[PDB]
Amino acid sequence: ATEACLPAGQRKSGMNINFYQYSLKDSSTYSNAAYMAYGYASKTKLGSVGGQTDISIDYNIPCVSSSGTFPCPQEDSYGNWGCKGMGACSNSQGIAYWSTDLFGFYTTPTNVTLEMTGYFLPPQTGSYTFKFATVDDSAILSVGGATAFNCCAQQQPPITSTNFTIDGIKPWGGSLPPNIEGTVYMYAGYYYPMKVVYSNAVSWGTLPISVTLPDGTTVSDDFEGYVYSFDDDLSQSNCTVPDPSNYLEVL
């Protein structure tokens, strides 16, 4: 059984996103599992943004072309290099770029590690299939009070579990990986801790996130209505529900 929670605080819509420093073109750290699970929090914290419901990542580097600077979708890049419908680009793909494209926070989306935390509120009892359509460069998803973070303790330092529900790595220089899926059985009305950790090491960043509900509904990119944050309250006695199927409910 995946451990779930019943936080009694004021619920806030969306996930908290923390940003951590990652070295441009570090082709090692991003593929290490200890780093993805907890090691990232050792790195300098750049900032955070709260209340985000649209959590898919799609960052496209600029092409500085003769008619202006425009983002280039990765599948339209060619040669050394240009972008279809724009011609040759005069800027390097291998430098840092600054922009707000990740959740409105000004940082270097070319090279950053994001930590997304919240609680997933299932509306139906049954098995949920989470999915990353692909990943550039690496990402994990963990779900559960024992594996994502502890109940009522969303904002604490990371727990030390490498038991990921999904983990994905783009091999360095390789093509984008295919779909990656992971299934969790969840009970309706319990808040399940959820953590996504995402790294971009250079240039393009991509992480299309979706979930398929037990009825076969698919929710893609925007998780409004499903993900919530609560401020930590370590004093709330009955926050943790080790097994929601045998939980003595008291009303």
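Residues carry their position along the shown sequence, with the first being 1.
Worksheet item: According to the deposited model, is the average Cα temperature factor higher in 13 to 21 or in 233 to 241?
Response: Looking at the record's C-alpha B-factors, the answer is 233 to 241.
Discussion item. Comparing average C-alpha B factors as deposited, tell me which of 158 to 166 and 86 to 94 sits higher.
Written reply: Per the deposited B-factors, the answer is 158 to 166.
Worksheet item: If you compare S203, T206, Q52, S66, which has the highest Cα B-factor in the entry?
Response: Going by the entry's C-alpha B-factors, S66 comes out highest.
Worksheet entry | Per the PDB entry, maximal CA B factor within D136, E181, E75, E115 | That would be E181, according to the entry.
Worksheet entry | Third of chain Cα B-factors occupied by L141 | Bottom third by C-alpha B-factor.
Practice prompt. Just say lowest, middle or highest third for the CA B-factor of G173 relative to the other modelled residues in its chain.
Written response: CA B-factor rank for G173: highest third.
Worksheet entry | Chain third (lowest, middle, highest) by recorded CA B-factor, residue given as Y192 | Within its chain, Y192 is a lowest-third residue by C-alpha B-factor, going by the deposited values.
Worksheet item: Looking at the C-alpha B-factor of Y30, is it in the lowest, middle or highest third of its chain?
Response: CA B-factor rank for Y30: highest third.
Fill in: Chain-wide C-alpha B factor ranking for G47, given as lowest, middle or highest third
It belongs to the middle third of the chain when residues are ordered by C-alpha B-factor.
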